[PDB]
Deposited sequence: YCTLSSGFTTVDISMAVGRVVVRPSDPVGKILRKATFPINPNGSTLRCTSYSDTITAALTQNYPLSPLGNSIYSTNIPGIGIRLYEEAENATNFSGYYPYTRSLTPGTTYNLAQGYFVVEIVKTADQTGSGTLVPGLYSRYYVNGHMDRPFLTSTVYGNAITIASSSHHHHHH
């Protein structure tokens, strides 16, 4: 089981990608926009007691994996996918969302330094236009503390707009 530090506070990344222009010629699979957002650790920590304890990068929108796979998930916009990941010298705790990794008992864990990456991807020949649905897109949490993640990423309002020509 994991114990969170007193005053443990989630870091939320606002996924303010902006306007993403898509051209009919853009090929399926193209990263239409790679947006990088700063992750500012804040001193929150946790430690766990069991080899079965885990930290999980989970995707909270209910959209399925896109036909392309490779962690490119569909969105409410046809032909537009989204892929998330955290970008330091810790490959065991990096990778495309979603993933889950084992934690070492007794190790005091902090939110790692780096950047949160949002990739908007063309997943079909023709793309829709509009705004990605708002809300939580990801949470990075330990087992038993899904309600208090290290890190979340959230779309507010029309922070990500697709404009297909």
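Novice: Walk along the deposited sequence from position 1 and note every stretch that has no C-alpha coordinates.
Specialist: Sequence ranges with no C-alpha atoms are 88, 167-173.
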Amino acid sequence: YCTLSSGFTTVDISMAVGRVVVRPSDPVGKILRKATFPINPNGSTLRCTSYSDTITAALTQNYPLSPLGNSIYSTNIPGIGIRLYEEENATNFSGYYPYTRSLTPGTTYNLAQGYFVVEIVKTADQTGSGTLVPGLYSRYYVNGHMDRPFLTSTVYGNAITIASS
From here on, numbers count along this sequence of modelled residues.
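Novice: If you average the Cα B factors in the entry, which is higher, 16-24 or 142-150?
Specialist: That would be 16-24.
Novice: Averaging CA B factors per stretch from the PDB record, which one is higher: 120-128 or 34-42?
Specialist: If you average the C-alpha B-factors of 120-128 and of 34-42, the larger mean comes out for 34-42.
Novice: Out of 102, 61, 110, 49, which residue has the highest Cα temperature factor in the PDB record?
Specialist: If I rank 102, 61, 110, 49 by C-alpha B-factor, first place goes to 110.
Novice: Among the modelled residues of its chain, does the C-alpha B-factor of residue 91 lie in the lowest, middle or highest third?
Specialist: Highest third - that is where residue 91 ends up once the chain's C-alpha B-factors are sorted.
Novice: Should residue 98 be placed in the lowest, middle or highest third of its chain by the C-alpha B factor in the entry?
Specialist: It belongs to the lowest third of the chain when residues are ordered by C-alpha B-factor.
Novice: Taking the entry's C-alpha B-factors for this chain, is residue 2 in the lowest, middle or highest third?
Specialist: Tercile = lowest for this residue's CA B-factor.
Novice: Would you mind ranking residue 69 by its C-alpha B-factor against the rest of the chain and naming the third, lowest, middle or highest?
Specialist: Within its chain, residue 69 is a lowest-third residue by C-alpha B-factor, going by the deposited values.
Novice: Which third, lowest, middle or highest, does the C-alpha temperature factor of residue 79 belong to within its own chain?
Specialist: Tercile = middle for this residue's CA B-factor.
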